[PDB]
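Note that the deposited numbering numbers the sequence shown so that position 107 is 229, with each residue one more than the last.
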Amino acid sequence: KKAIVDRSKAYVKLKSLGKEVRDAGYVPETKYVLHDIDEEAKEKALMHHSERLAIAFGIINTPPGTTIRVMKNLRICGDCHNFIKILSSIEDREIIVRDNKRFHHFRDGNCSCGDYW
Ligand SMILES: [Zn+2]
Ligand SMILES: [Zn+2]
Ligand SMILES: [Zn+2]
């Protein structure tokens with residue numbers, strides 16, 4: 123209930139981050155979203171990938187510059203990998219996403235996996 127409030131705050135930050143990461147050169151690859159829905163809804167479906175929501179929550183919940191550490195039991199999709207790389211170029215935080223195979227260390231617009239995962 124109050125946890126729904128934490129989610130709400132993450133979705134709000136995500137919208138903000140979405141605009142800035144777009145300004146930084148992120149272009150959402152919506153050809154991936156296999157639903158008979160409009161382009162805006164497809165872009166929202168990608169923005170709402172849970173690793174983005176968890177990163178947005180980490181950013182509002184921690185002091186500026188704090189390393190963000192997110193764990194996802196599933197592989198990070200190509201679109202999230204691009205989004206988080208670009209976010210790491212404009213947010214002065216190390217962002218670490220642990221997926222099913224590795225620790226993706228996003229720093230300064232690069233990932234430690236070299237985009238091969
Ligand atoms: Zn889907
Ligand atoms: Zn994704
Ligand atoms: Zn990576």
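Idealized CB from N, CA, C, for every residue including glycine.
Just to confirm, does residue i get its C-beta within under 6 angstroms of one of the non-hydrogen atoms of ligand 2?
| i | result |
| --- | --- |
| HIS171 | yes |
| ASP201 | yes |
Between the Cα of residue i and those of the options, spot the shortest distance and give me the residue it belongs to.
| i | options | result |
| --- | --- | --- |
| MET193 | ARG224, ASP201 and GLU165 | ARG224 |
| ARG220 | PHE228, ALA178 and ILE159 | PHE228 |
| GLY231 | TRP239, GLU216 and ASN195 | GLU216 |
| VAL127 | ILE182, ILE208 and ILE206 | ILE182 |
| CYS199 | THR188, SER210 and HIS170 | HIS170 |
| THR188 | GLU213, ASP160 and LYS207 | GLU213 |
Mark residue i as exposed unless 16 or more other C-beta atoms lie within 10 angstroms of its C-beta, in which case mark it buried.
| i | result |
| --- | --- |
| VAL134 | exposed |
| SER172 | exposed |
| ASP237 | exposed |
| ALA163 | exposed |
| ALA125 | exposed |
| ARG174 | buried |
| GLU142 | exposed |
| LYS137 | exposed |
| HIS157 | exposed |
| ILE159 | exposed |
Would the beta-carbon of residue i be found less than 6 angstroms away from any heavy atom of ligand 5?
| i | result |
| --- | --- |
| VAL219 | Ligand 5 is absent from the structure shown, which contains only ligand 1, ligand 2 and ligand 3. |
When a residue counts only if its C-beta is closer than 6 angstroms to some heavy atom of ligand 3, which residues count, in chain order?
-> Residues with their Cβ less than 6 angstroms from any non-hydrogen atom of ligand 3, running along the chain, are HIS203, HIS226, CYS233, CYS235 and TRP239.
Entirely enclosed alpha helix (DSSP H) segments - the region 168-215, minimum 4 residues | Counting only runs of 4 or more, we get 172-183 and 200-212.
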